[PDB]
>>> print(open('model.txt').read())   # compact mmCIF, C-alpha atoms and all ligand atoms
# COMPACT_ATOMS: atom_id res chain seq x y z
CA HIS A 1 -164.72 69.02 12.75
CA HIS A 2 -162.92 67.34 9.85
CA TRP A 3 -161.55 68.56 6.56
CA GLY A 4 -163.86 68.30 3.61
CA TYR A 5 -165.35 70.30 0.77
CA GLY A 6 -168.28 72.08 2.46
CA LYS A 7 -168.60 75.72 3.44
CA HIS A 8 -167.22 75.20 6.95
CA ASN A 9 -164.46 72.67 6.24
CA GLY A 10 -163.53 73.23 2.57
CA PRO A 11 -160.24 74.17 0.93
CA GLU A 12 -160.11 77.71 2.32
CA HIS A 13 -160.05 76.22 5.87
CA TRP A 14 -157.45 73.48 5.38
CA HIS A 15 -154.47 75.67 6.29
CA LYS A 16 -155.60 75.76 9.95
CA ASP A 17 -154.96 72.04 10.38
CA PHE A 18 -152.38 71.66 7.55
CA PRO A 19 -150.25 74.81 7.35
CA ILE A 20 -148.47 73.57 4.23
CA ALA A 21 -151.69 74.46 2.40
CA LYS A 22 -150.01 77.89 1.98
CA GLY A 23 -146.67 76.36 0.95
CA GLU A 24 -144.46 76.94 -2.06
CA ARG A 25 -145.27 73.80 -4.06
CA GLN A 26 -149.03 73.38 -3.74
CA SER A 27 -151.39 71.73 -6.23
CA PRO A 28 -153.45 72.01 -8.30
CA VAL A 29 -152.42 74.93 -10.53
CA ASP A 30 -153.73 76.62 -13.63
CA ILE A 31 -151.76 75.44 -16.67
CA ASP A 32 -151.20 78.56 -18.76
CA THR A 33 -150.46 77.05 -22.16
CA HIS A 34 -148.72 80.23 -23.30
CA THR A 35 -146.27 80.16 -20.37
CA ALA A 36 -145.47 76.44 -20.33
CA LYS A 37 -142.35 75.70 -22.31
CA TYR A 38 -141.66 72.77 -24.60
CA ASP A 39 -138.71 70.80 -23.21
CA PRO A 40 -136.99 68.59 -25.83
CA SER A 41 -135.13 66.70 -23.09
CA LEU A 42 -138.40 65.25 -21.77
CA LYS A 43 -138.87 61.61 -22.71
CA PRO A 44 -142.06 59.89 -23.82
CA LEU A 45 -144.14 58.68 -20.92
CA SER A 46 -143.83 54.92 -20.38
CA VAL A 47 -147.05 53.45 -18.96
CA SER A 48 -146.61 49.73 -18.13
CA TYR A 49 -149.96 48.56 -16.78
CA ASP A 50 -150.15 45.12 -18.46
CA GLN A 51 -149.75 43.25 -15.15
CA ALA A 52 -151.84 45.64 -13.03
CA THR A 53 -153.65 43.91 -10.14
CA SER A 54 -156.59 45.91 -8.83
CA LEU A 55 -157.93 44.76 -5.46
CA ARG A 56 -160.71 46.88 -4.03
CA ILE A 57 -162.72 50.08 -4.41
CA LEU A 58 -163.23 52.24 -1.32
CA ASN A 59 -165.47 55.22 -0.54
CA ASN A 60 -163.14 57.16 1.80
CA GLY A 61 -165.54 60.03 2.52
CA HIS A 62 -164.01 62.40 -0.01
CA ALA A 63 -163.66 60.32 -3.21
CA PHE A 64 -163.56 56.65 -4.17
CA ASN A 65 -160.17 54.96 -4.53
CA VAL A 66 -159.51 51.95 -6.71
CA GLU A 67 -156.58 50.24 -4.97
CA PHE A 68 -153.85 48.10 -6.55
CA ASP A 69 -151.35 45.51 -5.39
CA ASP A 70 -148.09 47.48 -5.18
CA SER A 71 -145.90 44.73 -3.66
CA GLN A 72 -144.14 44.25 -7.03
CA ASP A 73 -143.49 46.25 -10.22
CA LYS A 74 -146.80 45.14 -11.75
CA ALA A 75 -148.10 48.53 -12.89
CA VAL A 76 -145.45 51.22 -13.21
CA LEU A 77 -144.82 54.64 -14.69
CA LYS A 78 -141.36 55.38 -16.10
CA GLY A 79 -139.86 57.93 -18.44
CA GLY A 80 -141.39 61.30 -19.10
CA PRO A 81 -139.82 63.66 -16.56
CA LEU A 82 -139.14 60.84 -14.11
CA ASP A 83 -135.97 59.18 -12.97
CA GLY A 84 -136.57 55.58 -11.99
CA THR A 85 -139.70 53.55 -11.48
CA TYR A 86 -142.98 54.57 -9.88
CA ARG A 87 -145.54 51.92 -8.81
CA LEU A 88 -149.30 52.41 -9.13
CA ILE A 89 -151.04 52.27 -5.72
CA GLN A 90 -154.50 53.76 -6.37
CA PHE A 91 -156.56 55.98 -8.62
CA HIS A 92 -159.50 58.27 -7.88
CA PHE A 93 -161.43 61.14 -9.41
CA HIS A 94 -162.50 64.69 -8.60
CA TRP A 95 -165.76 65.94 -10.08
CA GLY A 96 -168.37 68.66 -9.91
CA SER A 97 -172.03 69.14 -9.20
CA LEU A 98 -172.35 70.41 -12.79
CA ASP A 99 -170.47 69.62 -16.00
CA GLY A 100 -168.82 73.09 -16.00
CA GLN A 101 -166.63 72.34 -12.99
CA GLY A 102 -164.95 69.43 -11.30
CA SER A 103 -161.33 69.35 -12.36
CA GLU A 104 -158.54 70.47 -10.04
CA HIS A 105 -156.03 71.53 -12.65
CA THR A 106 -157.34 74.02 -15.19
CA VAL A 107 -156.04 74.78 -18.69
CA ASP A 108 -156.05 78.50 -19.55
CA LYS A 109 -158.60 78.76 -16.68
CA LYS A 110 -160.83 76.12 -18.33
CA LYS A 111 -162.42 73.71 -15.84
CA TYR A 112 -163.24 70.18 -16.99
CA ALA A 113 -166.12 68.09 -15.68
CA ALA A 114 -163.78 65.81 -13.73
CA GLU A 115 -160.17 64.78 -13.31
CA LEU A 116 -158.63 61.33 -12.82
CA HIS A 117 -155.53 60.92 -10.61
CA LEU A 118 -153.41 57.78 -10.90
CA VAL A 119 -151.09 57.84 -7.89
CA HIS A 120 -147.64 56.20 -8.06
CA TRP A 121 -144.75 56.02 -5.60
CA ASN A 122 -141.00 55.94 -6.27
CA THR A 123 -139.71 52.42 -5.64
CA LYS A 124 -136.32 53.62 -4.45
CA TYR A 125 -138.06 54.57 -1.18
CA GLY A 126 -139.45 51.08 -0.55
CA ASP A 127 -143.05 51.92 0.36
CA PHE A 128 -145.63 54.66 -0.02
CA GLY A 129 -145.26 55.94 3.56
CA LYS A 130 -141.55 56.60 3.10
CA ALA A 131 -142.10 58.03 -0.37
CA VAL A 132 -144.34 60.79 1.03
CA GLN A 133 -141.38 62.02 3.05
CA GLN A 134 -139.41 62.84 -0.10
CA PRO A 135 -139.53 65.66 -2.67
CA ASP A 136 -139.48 63.10 -5.52
CA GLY A 137 -141.56 60.51 -3.73
CA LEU A 138 -144.66 60.43 -5.93
CA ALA A 139 -145.77 60.77 -9.52
CA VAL A 140 -149.43 61.44 -10.24
CA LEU A 141 -150.81 61.09 -13.75
CA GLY A 142 -153.72 63.50 -14.13
CA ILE A 143 -156.29 63.01 -16.90
CA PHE A 144 -159.11 65.43 -17.66
CA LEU A 145 -162.67 64.21 -18.27
CA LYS A 146 -165.13 66.01 -20.55
CA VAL A 147 -168.75 65.03 -21.07
CA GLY A 148 -169.45 63.53 -24.50
CA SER A 149 -169.47 59.91 -25.61
CA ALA A 150 -169.21 57.19 -22.97
CA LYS A 151 -165.86 55.75 -21.88
CA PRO A 152 -166.22 51.95 -22.12
CA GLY A 153 -163.32 51.24 -19.79
CA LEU A 154 -164.93 53.36 -17.07
CA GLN A 155 -168.22 51.49 -16.98
CA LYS A 156 -167.10 48.75 -14.56
CA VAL A 157 -166.22 51.51 -12.08
CA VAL A 158 -169.57 53.24 -12.60
CA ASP A 159 -171.48 50.01 -12.08
CA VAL A 160 -169.97 49.20 -8.68
CA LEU A 161 -170.61 52.63 -7.13
CA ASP A 162 -174.06 51.60 -5.85
CA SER A 163 -172.29 49.15 -3.54
CA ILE A 164 -170.03 51.78 -1.93
CA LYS A 165 -172.52 54.63 -1.54
CA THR A 166 -171.34 55.88 1.85
CA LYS A 167 -168.08 56.66 3.63
CA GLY A 168 -166.20 53.55 4.79
CA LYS A 169 -167.87 51.11 2.39
CA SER A 170 -165.66 49.02 0.15
CA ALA A 171 -166.11 46.31 -2.46
CA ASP A 172 -163.91 43.73 -4.11
CA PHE A 173 -162.75 45.16 -7.43
CA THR A 174 -160.36 42.76 -9.14
CA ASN A 175 -159.17 42.54 -12.74
CA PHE A 176 -159.79 46.18 -13.57
CA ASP A 177 -157.55 47.42 -16.36
CA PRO A 178 -156.57 51.10 -15.92
CA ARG A 179 -155.40 51.26 -19.56
CA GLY A 180 -159.08 51.70 -20.43
CA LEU A 181 -159.02 55.15 -18.81
CA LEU A 182 -156.24 56.61 -20.98
CA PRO A 183 -156.73 58.95 -23.93
CA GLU A 184 -155.12 58.29 -27.30
CA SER A 185 -152.15 60.65 -26.82
CA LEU A 186 -149.68 60.62 -23.94
CA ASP A 187 -148.43 64.18 -24.53
CA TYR A 188 -148.28 65.96 -21.18
CA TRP A 189 -147.44 68.97 -19.02
CA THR A 190 -145.33 68.47 -15.92
CA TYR A 191 -144.50 70.49 -12.81
CA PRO A 192 -143.54 69.85 -9.16
CA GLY A 193 -146.48 69.95 -6.74
CA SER A 194 -148.34 68.32 -3.88
CA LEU A 195 -151.19 66.13 -2.82
CA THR A 196 -154.39 68.07 -3.47
CA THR A 197 -155.99 66.62 -0.31
CA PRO A 198 -154.73 66.92 3.26
CA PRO A 199 -152.08 66.31 4.35
CA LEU A 200 -151.16 68.25 1.15
CA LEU A 201 -147.59 66.92 1.21
CA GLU A 202 -145.22 68.41 -1.37
CA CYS A 203 -143.95 65.14 -2.85
CA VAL A 204 -145.51 64.95 -6.31
CA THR A 205 -144.15 65.12 -9.84
CA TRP A 206 -147.37 65.98 -11.65
CA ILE A 207 -147.82 64.66 -15.18
CA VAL A 208 -151.04 66.07 -16.66
CA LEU A 209 -152.13 64.72 -20.04
CA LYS A 210 -153.01 67.25 -22.72
CA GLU A 211 -155.82 65.15 -24.23
CA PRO A 212 -158.99 64.68 -22.13
CA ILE A 213 -161.02 61.51 -22.17
CA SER A 214 -164.72 61.62 -23.00
CA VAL A 215 -167.24 60.16 -20.54
CA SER A 216 -170.99 60.20 -20.89
CA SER A 217 -173.37 62.38 -18.92
CA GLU A 218 -174.83 59.23 -17.32
CA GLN A 219 -171.39 58.06 -16.19
CA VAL A 220 -170.59 61.27 -14.34
CA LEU A 221 -174.17 61.48 -13.04
CA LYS A 222 -173.49 58.22 -11.24
CA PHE A 223 -170.39 59.70 -9.57
CA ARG A 224 -172.68 62.41 -8.16
CA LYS A 225 -174.92 59.83 -6.44
CA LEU A 226 -172.17 58.83 -4.03
CA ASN A 227 -172.29 60.25 -0.50
CA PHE A 228 -169.65 62.01 1.61
CA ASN A 229 -171.40 60.81 4.78
CA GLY A 230 -171.44 57.40 6.39
CA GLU A 231 -174.46 55.13 6.43
CA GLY A 232 -177.15 56.30 8.83
CA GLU A 233 -175.98 59.91 8.73
CA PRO A 234 -177.67 62.81 6.90
CA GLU A 235 -177.17 62.42 3.15
CA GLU A 236 -174.61 64.76 1.61
CA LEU A 237 -173.97 64.14 -2.08
CA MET A 238 -170.33 63.58 -3.03
CA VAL A 239 -169.98 66.48 -5.47
CA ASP A 240 -167.50 69.30 -5.91
CA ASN A 241 -164.67 67.38 -4.24
CA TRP A 242 -162.01 69.48 -5.97
CA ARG A 243 -159.46 71.93 -4.64
CA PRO A 244 -159.18 75.15 -6.71
CA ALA A 245 -156.01 76.30 -8.42
CA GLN A 246 -153.20 77.47 -6.09
CA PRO A 247 -150.39 80.01 -6.69
CA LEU A 248 -147.70 78.77 -9.06
CA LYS A 249 -145.03 80.75 -7.18
CA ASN A 250 -141.48 79.82 -8.24
CA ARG A 251 -142.35 76.88 -10.50
CA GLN A 252 -142.15 76.13 -14.21
CA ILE A 253 -144.61 73.97 -16.13
CA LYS A 254 -142.93 72.07 -18.96
CA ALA A 255 -144.63 70.59 -22.03
CA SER A 256 -143.64 67.34 -23.74
CA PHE A 257 -145.02 68.65 -27.05
CA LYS A 258 -145.01 71.76 -29.23
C1 LIG B 301 -152.69 60.08 -1.13
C2 LIG B 301 -152.48 60.91 -2.37
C3 LIG B 301 -151.25 60.94 -3.01
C4 LIG B 301 -151.05 61.70 -4.15
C5 LIG B 301 -152.08 62.44 -4.68
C6 LIG B 301 -153.33 62.43 -4.06
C7 LIG B 301 -154.47 63.15 -4.71
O1 LIG B 301 -154.53 63.29 -5.92
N1 LIG B 301 -155.42 63.60 -3.89
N2 LIG B 301 -156.59 64.20 -4.41
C8 LIG B 301 -153.51 61.67 -2.91
ZN ZN B 302 -156.66 63.57 -6.49
>>> encode(input="model.txt", output="structure tokens", more="lines below")
Ligand SMILES: Cc1cccc(C(=O)NN)c1
Ligand SMILES: [Zn+2]
Amino acid sequence: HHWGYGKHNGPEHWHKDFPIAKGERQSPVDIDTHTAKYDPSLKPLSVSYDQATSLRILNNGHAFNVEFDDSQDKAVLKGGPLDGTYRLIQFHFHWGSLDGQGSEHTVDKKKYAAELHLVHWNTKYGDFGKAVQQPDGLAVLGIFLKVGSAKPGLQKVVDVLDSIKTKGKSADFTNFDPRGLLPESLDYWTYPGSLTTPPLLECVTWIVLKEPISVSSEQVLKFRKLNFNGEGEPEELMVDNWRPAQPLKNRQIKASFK
């Protein structure tokens, strides 16, 4: 037994091994655009990725992570709702078996084909492990994907997936520029939440961009050829690796735009 996204180990089961699954600050949520409030005190998001150093891409059995060197302030998120400096450590995606589902956050109940998560940790806590013991330890930039024209800056990711088909496989993945995954606008919604995977820790300032990026059908098709399983095990396609919306409870979603 291990947590996953199948019928017997999927999101409705996670609370048995991770009781915080039923906590007060869980993610993702539905973003109700008519309840989120414009906050004029929010600052523009500051994305400083010019010196980003990607290292490796890893199939971890539930998604693929592109990992970055976080030993210095090489790729950081500042501003927006944040106080201080958050260092990029990895990004990954969530996607569906079909174009009509795949995102974790929803917008007025709309599900996008996929969702990108760029995970950052607050440098005042020194490392990622200590950051995930804090309520302001992490900032995750979430970006929706819709199917349309291809995303050129995603193609290098797509093209290496054949080399990390199964759980535990990794490949060198240097000189990848995450700026090629951003939309034009950096307007966003923000709310306090959690990791959307076990251990579901409630450490995240979520910053979800309003504007989706467009990726081609072929690009997301290649995501769906990955495997949850390890090599030599029965093939289980890596699809529908998203957690559904959780109760908002006593939280407010703020908008950077009106
Ligand atoms: C390890 C970590 C930290 C923050 C967010 C996530 C996530 O988006 N999981 N799907 C994962
Ligand atoms: Zn995620």
>>> closest_residue(input="model.txt", among="A:10, A:230, A:19, A:244", to="residue 170 (chain A)", atoms="all atoms listed in the file")
A:230
>>> residues_around(input="model.txt", residues="residue 163 (chain A)", least_positions_apart="6", cutoff="12 Å", atoms="only C-alpha atoms", output="PyMOL selection string")
chain A and resi 56-59+64+157+169-173+222+225-227+231
>>> atom_distance(input="model.txt", atom1="CA of residue 18 (chain A)", atom2="CA of residue 201 (chain A)")
9.3 Å
>>> residues_near_ligand(input="model.txt", ligand="ligand ZN 302 (chain B)", cutoff="10 Å", atoms="all atoms listed in the file", output="PyMOL selection string")
chain A and resi 27-28+62-63+65+91-94+103-104+115-119+140-142+194-197+241-243
>>> residues_around(input="model.txt", residues="region 183-193 of chain A", least_positions_apart="6", cutoff="6 Å", atoms="all atoms listed in the file", output="PyMOL selection string")
chain A and resi 25-27+202+204-210+213+253-256
>>> residues_around(input="model.txt", residues="region 67-84 of chain A", least_positions_apart="3", cutoff="9 Å", atoms="all atoms listed in the file", output="number ranges by chain")
A: 41-58, 87-91, 120, 122-124, 127, 136, 139, 141, 173-174, 188, 190, 205, 207, 256
>>> write_last_selection(input="model.txt", atoms="C-alpha atoms", output="compact mmCIF listing (two decimals), in the coordinates of the input")
# COMPACT_ATOMS: atom_id res chain seq x y z
CA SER A 41 -135.13 66.70 -23.09
CA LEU A 42 -138.40 65.25 -21.77
CA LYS A 43 -138.87 61.61 -22.71
CA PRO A 44 -142.06 59.89 -23.82
CA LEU A 45 -144.14 58.68 -20.92
CA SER A 46 -143.83 54.92 -20.38
CA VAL A 47 -147.05 53.45 -18.96
CA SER A 48 -146.61 49.73 -18.13
CA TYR A 49 -149.96 48.56 -16.78
CA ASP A 50 -150.15 45.12 -18.46
CA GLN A 51 -149.75 43.25 -15.15
CA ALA A 52 -151.84 45.64 -13.03
CA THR A 53 -153.65 43.91 -10.14
CA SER A 54 -156.59 45.91 -8.83
CA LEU A 55 -157.93 44.76 -5.46
CA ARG A 56 -160.71 46.88 -4.03
CA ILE A 57 -162.72 50.08 -4.41
CA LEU A 58 -163.23 52.24 -1.32
CA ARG A 87 -145.54 51.92 -8.81
CA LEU A 88 -149.30 52.41 -9.13
CA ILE A 89 -151.04 52.27 -5.72
CA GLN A 90 -154.50 53.76 -6.37
CA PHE A 91 -156.56 55.98 -8.62
CA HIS A 120 -147.64 56.20 -8.06
CA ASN A 122 -141.00 55.94 -6.27
CA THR A 123 -139.71 52.42 -5.64
CA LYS A 124 -136.32 53.62 -4.45
CA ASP A 127 -143.05 51.92 0.36
CA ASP A 136 -139.48 63.10 -5.52
CA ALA A 139 -145.77 60.77 -9.52
CA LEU A 141 -150.81 61.09 -13.75
CA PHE A 173 -162.75 45.16 -7.43
CA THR A 174 -160.36 42.76 -9.14
CA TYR A 188 -148.28 65.96 -21.18
CA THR A 190 -145.33 68.47 -15.92
CA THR A 205 -144.15 65.12 -9.84
CA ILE A 207 -147.82 64.66 -15.18
CA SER A 256 -143.64 67.34 -23.74
>>> axis_aligned_box(input="model.txt", around="region 82-93 of chain A", padding_each_side="4 Å", output="AutoDock Vina command-line options")
--center_x -148.7 --center_y 56.5 --center_z -9.9 --size_x 33.5 --size_y 17.2 --size_z 16.4
>>> closest_residue(input="model.txt", among="A:35, A:9, A:229, A:133", to="ligand LIG 301 (chain B)", atoms="all atoms listed in the file")
A:133
>>> closest_residue(input="model.txt", among="A:164, A:143, A:107, A:138", to="ligand LIG 301 (chain B)", atoms="all atoms listed in the file")
A:138
>>> closest_residue(input="model.txt", among="A:154, A:21, A:198, A:219", to="ligand LIG 301 (chain B)", atoms="all atoms listed in the file")
A:198
